[PDB]
Every structure is written in structure tokens, then in C-alpha cells.
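Chemist:
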Ligand SMILES: NS(=O)(=O)c1nccs1
Ligand SMILES: NS(=O)(=O)c1nccs1
Ligand SMILES: [Zn+2]
């Protein structure tokens, strides 16, 4: 069974041994070189349609926490931008650091942010998530950087439930959460073809990374860092530094939606 993680002994440098696609041609995350990314006037504005989102549950899965949505019909969808068709929101989660100077997966001119939010969506033309991840255009992940400054009011409900899901395998009800409160003002973005950033690292993602970070407070991110990778009663390993470093860009172009 899976035994990968973020530690010295099972972290990103080890993943290729059980997931050889780790060394593939379209791995994520990557560094976004802002001077090399080309404005593409053919890209569209994103359409983020979360008005009818139905959050259900929050789960500590031993790698991050996922806020899960009802994806049994088109309630919260992502369309437009670089995408063809309709992508349904299934879950969001974050990656973060042990200190504010690292935590993001993507970097911008080598700058690491304190954390990165991933809103994960699957292409409805493949019928279910498991089928979608087997396709090069199966997922669309909306990535949003977090910097530390003022509090993000819409994040507080998430932070306040974390005490109840401290350890791997714990979940809690998480209904009526509006993910619109996690977005920045601008939907300007970069996009490129990549992969999931956790094993099995499937090369199925169209990445859409927002240029504008959101601000969260130090206190909010400190609460992320109180979670545990371990299960209940096991030796405590704080859930920190659950980010994969930037991978080689190889034969890919990062496109900008903005001039
Ligand atoms: N990250 S991994 O699953 O390939 C692994 N490395 C050592 C033991 S298990
Ligand atoms: N961290 S991520 O959003 O690229 C992801 N991995 C698996 C499903 S979604
Ligand atoms: Zn992620």
C-alpha cells in the first residue's frame, strides 16, 4: 500500500521509486518565470461558478485536509479560461510550510509563498473522477497563493474546525461553506499542462494559477501547523511542509491571461 509522505525517508525525492511518472514530461508544480510566460490573447476569462456549491465534510487524510463537495451534479463548476467543457468541484485543500517563507508548490520567479490552495475539479465528459484522472485533460486545478498579512475572513470557518480533525483519518461535518470567500479580487492567471502534485502524480491536470495571492493572518496559518500527519495516539508529527518542490518545466509553455 501507499507509504509516501513528506519526511526525509518517504518524501518527494523517494516518490519515483513507487511512482516512476515522478520523472515524467509534465510534472507539477513548476516555477513560473513571469518574464518568460507569454500573454495569450486567445485565452478567455475564467468562469468560476460556485453559487450553488454544496460542501459536505472535511477530512484529515494524513497528507493535508480536504474540504469535500457534492459533485453528483453540476453545482460548483469551473469553465472558460484555457478549458474546454465543464469541470466539477470535488474538493479543496492546501499545502503549507513550517514557517511563512515556504509552503507553496508553485513558485513565482523562485518566490515561495506561505501556502497554496488547490480547488480540484474534474471534467464531466469522463463521467467520474476516477475516469477523469486517467486523461490528459481530466482535471482542472485552480491554484491560489497565500501570503501572511491580514486575516482572510472566509478562511476562519475552516481554521476553527481543524482542532476536531487533528489526526489522520478524522473527519467532521462541513456543510454550508462558501468557497467564494477564499478567492482574491482578480482572476488573472497563468496556465500550463501538468500533473497532480501528490502520488500517483497522474499527468491529468490543466493548471490555472491565480496571479493575485490572498492574505491570511499568521494566526490562521499557525493553526494549519497544529494538524498531525499521524493517526490518533501515534507519535506526533506536525503536518507542515506538505509541499512538493518545483519540477522541471521540460517542453512546456506557461501562458498568461493578462497583459
Ligand atoms: N515515497 S515512496 O512511496 O516511494 C517510499 N520511499 C521509501 C519507502 S516508501
Ligand atoms: N495537489 S493537487 O491539487 O495537484 C492534486 N493531487 C491529486 C488530486 S488533486
Ligand atoms: Zn494540492
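In my numbering, the protein residues as written are 32 to 290. Even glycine gets a Cβ: it sits at the ideal position worked out from N, Cα and C.
(1) Would you mind reading off the limits of the beta strand (DSSP E) that contains residue 147?
(2) Tell me where the beta strand (DSSP E) around residue 170 begins and ends.
(3) Just to check, is the beta-carbon of residue 36 closer than 8 Å to a non-hydrogen atom of ligand 1?
(4) Please list the terminal residues of the continuous beta strand (DSSP E) segment that includes residue 220.
(5) Tell me the DSSP secondary structure of residue 203 in three-state form.
(6) Whole angstroms is fine: what's the gap from residue 255's alpha carbon to residue 193's?
(7) Residue 241: which of 288, 226, 124 and 258 sits nearest, CA to CA?
(8) Ignoring anything shorter than 3 residues or poking outside the stretch 229–285, list the beta strand (DSSP E) runs there in chain order.
(9) Cα-Cα, which of 187, 199 and 244 is closest to residue 214?
(10) Residue 109 and residue 86 - do their beta-carbons sit closer together than 9 Å?
(11) Measuring only from the beta carbon, is residue 75 closer than 8 Å to any heavy atom that is part of ligand 1?
(12) Please indicate yes or no: does the CB of residue 59 lie closer than 8 Å to some heavy atom of ligand 2?
(13) What I want to know is whether the C-beta of residue 237 ends up closer than 8 Å to one or more non-hydrogen atoms of ligand 3.
(14) Could you tell me if residue 171 is buried or exposed, where buried requires 16 or more neighbouring beta carbons within 10 angstroms of its beta carbon?
(15) What I want to know is whether the C-beta of residue 265 ends up closer than 8 Å to one or more non-hydrogen atoms of ligand 2.
(16) Do the stretch 260–267 and the stretch 39–58 meet, that is, are 3 or more Cβ pairs less than 8 Å apart?
(17) With DSSP collapsed to three states, give me the class of residue 187.
(18) Applying the 10 Å Cβ sphere with the 16-neighbour rule, what's the burial state of residue 209?
(19) Check whether the Cβ atoms of residue 178 and residue 271 sit closer than 9 Å, and answer yes or no.
(20) Can you name the start and end residues of the alpha helix (DSSP H) that residue 81 belongs to?
(21) What is the chain-ordered set of residues for which the beta carbon lies under 6 Å from any non-hydrogen atom of ligand 3?
(22) In chain order, what residues of the same chain lie with their CB nearer than 7 Å to the CB of residue 278, ignoring the 5 residues before and after it?
(23) Can you tell which of 231, 216 and 274 has the C-alpha that lies nearest to the C-alpha of residue 124?
Modeler: If we stick to the structure as given:
(1) Unbroken beta strand (DSSP E) run through residue 147: 146–154.
(2) Run containing residue 170: 170–179, per the beta strand (DSSP E) assignment.
(3) True, at least one ligand heavy atom lies under 8 Å from that Cβ.
(4) Counting along the chain, residue 220 sits inside the beta strand (DSSP E) bounded by residues 220–225.
(5) Three-state result, residue 203: strand.
(6) Distance from the CA of residue 255 to the CA of residue 193, rounded to the nearest whole angstrom, comes to 7 Å.
(7) Minimum Cα distance to residue 241 is reached at 288.
(8) The stretch 229–285 contains these whole beta strand (DSSP E) runs: 236–241 and 245–247.
(9) For the residues 187, 199 and 244, the minimum Cα distance to residue 214 belongs to 244.
(10) No, they are not a contact pair.
(11) Because no heavy atom of ligand 1 lies under 8 Å away, the Cβ of residue 75 does not count as near it: no.
(12) Relative to ligand 2, the nearest heavy atom lies less than 8 Å away from the CB of residue 59.
(13) It does not: the Cβ of residue 237 is nowhere closer than 8 Å to a heavy atom of ligand 3.
(14) Buried.
(15) Not one heavy atom of ligand 2 lies closer than 8 Å to the C-beta of residue 265.
(16) These segments do not touch.
(17) The answer is helix: DSSP assigns residue 187 an H, G or I state.
(18) Classification for residue 209: exposed.
(19) Going by C-beta atoms, residue 178 is not nearer than 9 Å to residue 271.
(20) In the DSSP assignment, residue 81 falls outside any alpha helix (DSSP H) and carries neither an H nor an E.
(21) So the residues near ligand 3 by this Cβ test are 124, 126, 149 and 228.
(22) Cβ neighbours of residue 278 beyond the five flanking positions: 58, 59, 60 and 61.
(23) It is 274.
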